[PDB]
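Just one chain follows, in the form deposited in one PDB entry, and it is written as C-alpha cells.
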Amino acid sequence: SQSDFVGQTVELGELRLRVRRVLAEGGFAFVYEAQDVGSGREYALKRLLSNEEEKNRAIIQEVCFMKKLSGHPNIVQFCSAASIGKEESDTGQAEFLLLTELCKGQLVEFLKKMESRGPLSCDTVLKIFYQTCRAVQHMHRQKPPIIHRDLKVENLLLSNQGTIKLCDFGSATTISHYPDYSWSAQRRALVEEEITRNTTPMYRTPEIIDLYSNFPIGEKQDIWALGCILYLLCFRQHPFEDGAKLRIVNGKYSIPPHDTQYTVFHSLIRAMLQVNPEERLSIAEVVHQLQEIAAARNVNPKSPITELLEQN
C-alpha cells in the first residue's frame, strides 16, 4: 500500500511528480522522493494515511508553520500540499500530501560514514550547531513564537548546498503552559501526557517530567534540547541516554573530564542544560556566544560544511 505508492504519478499544482523511492517509514506517514517530469527538479513527499482527525488536524498546522518559516536558509522549504478524502484514496483512508525540497539526507547517516576519518573538528561542530540555532532563532522570532519540542540530530538535514536544515514540525506548537498552585493534580497529569507524546524520551525536559515545580513549559524547551545536541556532537553520546527521569529532573549529567578537543563548548553546554527553564540562555544569547567563538577561530559558521558535502 504505502509501498505500492512507488512508481506512481502525483499531480500537485502545475507539477507532475514521479515517485522514485522511499526515504523514511512511519507508522502514520511515509516520506518519498518525488521528481518532476517537466523540470527534472526533485522533492521530498510525505504521504499521511489516517482517518483519525487528531492526526489530520495536526498535519494541517504542520503545514501552516512551514509556510511561515519559509525563506530561511536553515529550514527546509515548503512547496505544496493537498487533501484527499477517504473516498478518492485507494487505502480507504484520508490522504494528506506534504511536499518539500529534497536534501542530501539526514545528518546522522553522513556522520557515521565519516567516523572513519577520525574525530570531528571543533570547527565542524561549531558550523553544525550554529546553523541549527539560527533556525531555532527564526522560529522563536515568529508571532506567536513557534516551539519545535522535538529537536534532535535525526531531525537535522544536510542540504544540497552543504548547510544544516530543520525538517519535521509535527510536534511544533505555539502553546505555552504556565502551571501554578491553582492547577489540579489531574490537569497536570493530562497536560503531561499530551506533551510526552510529541517528545523523544531522552530529550524530555525537566519541566515536562516534574509538573509540581511550577516551571513554565514554553520556548525554553528547545534550549535544553540544543544542549543535548551540542553534547551529542562533541562526545558523540547523549548526556541522558538511559532516559532516567531522576537524572533529568535533578539535572545530573557528566562531561568527560579529560576532554582537550571540545573545551570551548563546555560553558555553553552547562548554561543550556539548566534544570530551571527560567535560568537557561535565550536563543539570542546562544547564537551571540557562538559568533564570538567563530570569530576567534577565523571560521565563517554560515559557510557550507564541505567535508560532509563530499561524503558519499
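Shifts are known only where both forms have a C-alpha. Start at 1 with the first residue shown and count on from there. Between two forms, the rigid core is the largest collection of C-alphas that superpose within 1.5 Å.
Separately, the form deposited in another entry exists; it is not shown, and the next lines address it.
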### Core-superposed comparison between the shown form and the other one: the option from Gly170, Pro73, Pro216, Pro145 whose CA moves 2 angstroms or more
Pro216
### Message
I want to verify one pair: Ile175 and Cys228. Are their C-alpha atoms nearer or more distant in the other entry compared with the form I supplied, knowing the change is 3 Å or more?
### Response
farther
### Query
Which consecutive stretches of at least 3 residues differ between the shown form and the other one by 2 Å or more at every CA, rigid core held fixed, listed in sequence order?
52-56, 175-180, 211-217
